[PDB]
Structure formats: C-alpha cells, structure tokens
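Structural overview
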Amino acid sequence: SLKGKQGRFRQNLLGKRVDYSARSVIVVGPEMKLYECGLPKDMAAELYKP
DNA sequence: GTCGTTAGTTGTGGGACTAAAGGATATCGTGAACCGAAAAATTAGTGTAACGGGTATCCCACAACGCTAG
C-alpha cells in the first residue's frame, strides 16, 4: 500500500484531488488579454459558490 | 605437494518503467443423520353512571339616570 505510483506517498501525499476545481475543453480567444481567460457561466458559478 | 587469497566472472535475485480521463465484468465439484438453539405465534384473562354542595373557568347579555322637594 505504501509503494509505487498508486501507493500512499505518490497518490495521496505528494498529489491530491482537490476542491474548487473544474475541467473542460479549451477554445481560442484571440480578442482577450494575456492575463485573461474565459470561464463558462456554470463553471464559474459552481467554483465561486461560497 | 598442499592450503588460503584475490580478482574476475557467472548465475541469480530484487527494483524502476510521464502526465489528463475512466473504472462494466464472473466466479464448479455435495455425505448423512440427529440434536440443540431461539425466535416466533397462539391463547387466556377483565368491563360504569349520576349523584350533594361548592367553586374554578368559559360564552353571552346588560348597566354604568335625571329631576324635585324638604
């Protein structure tokens, strides 16, 4: 249980699944700024819920 | 001639092998018979109505005047 990629150290201590996280496909926004990103409304509403 | 030593194999054993998503499975073979355990179902037995004063509360209606004479 303590050994390997799926072991405790490398699966639950050195890297963790986290809250306030999301995932989606990426499209290109050419009219945006270098420090900007476009978040979908549902993703932002779920992430910023508190 | 014989015994311990050193280095170079040689065979054998233990330990590594991106990151992201997802994530459904199927799983044989049979020997008997009696006793004990507890969990469940079935059966057997008892019953009020108004009254006296006296007084606590409720709803429900009404009152809570005006004038004259000795």
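Residues numbered from 1 in each chain as written, not as in the entry; some residues may be left out. Chains lettered and ligands numbered in written order. Part of a larger assembly, values for the part shown. Heavy atoms only, no water.

As documented in the archive entry, the model was determined using cryo-EM at 2.88 Å resolution.

The PDB entry lists chain A under the name DNA-directed RNA polymerase subunit beta', from Flagellimonas taeanensis. Each PDB entry has a title, and for this one the record gives "Cryo-EM structure of the RNA-guided transcription complex".

**Brief notes about the protein's contact with DNA strand B**
What counts here: We call a residue near a molecule or strand when any one of its heavy atoms sits within 4 Å of it. We call two N or O atoms a polar contact when they sit within 3.5 Å, provided that within protein one can donate a hydrogen and the other can accept it, with sequence-adjacent residues counted only if both atoms are side-chain atoms. Residues are sorted three ways: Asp, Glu, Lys and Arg are charged, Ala, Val, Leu, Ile, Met, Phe, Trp, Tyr, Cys and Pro are nonpolar, and all the rest, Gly among them, are polar.
DNA strand B sits among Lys5, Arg10, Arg17 and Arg23. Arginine 17 has a polar side-chain atom sitting 3.0 Å from a phosphate oxygen of DNA strand B. In the model, a phosphate oxygen of DNA strand B is placed 2.8 Å from a nitrogen or oxygen of the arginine 23 side chain. Residue composition of the surface near DNA strand B, grouped by class: no nonpolar, no polar and 4 charged.

**Description of a nonpolar patch on the surface**
For clarity, the cut-off: Within the patch definition used here, like charges are joined within 9 Å and nonpolar side chains (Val, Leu, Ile, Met, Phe, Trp, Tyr) within 5 Å, considering only residues with over 30% relative accessible area and no salt bridge. Under the convention used here, a 1.4 Å probe and the Shrake-Rupley method define accessible areas, while residue burial counts only the protein chains that appear. One speaks of a salt bridge when a side-chain nitrogen belonging to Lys or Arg is within 4 Å of a carboxyl oxygen belonging to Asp or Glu. Each helix corresponds to a stretch of at least 4 residues labelled H or I by DSSP, and each strand to a stretch of at least 2 residues labelled E; elements are numbered beginning at the N terminus. Here the term buried applies to any residue with accessible area under 20% of the maximum for its type, exposed to any over 50%, and partly exposed to those in between, with areas from a 1.4 Å probe on protein chains only.
Taken together, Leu2, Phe9, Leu13 and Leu14 make up a surface patch of nonpolar side chains, about 480 Å² in accessible area. Along the chain, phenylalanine 9 turns up in helix α1 (residues 8-13). On the accessibility criterion, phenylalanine 9 (48% relative accessible area) is partly exposed.

**Quick notes on the pattern of salt bridges**
This structure, assessed with the given rule, holds 1 salt bridge. Between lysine 49 and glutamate 46 there is a salt bridge; the shortest N-O distance is 3.3 Å.

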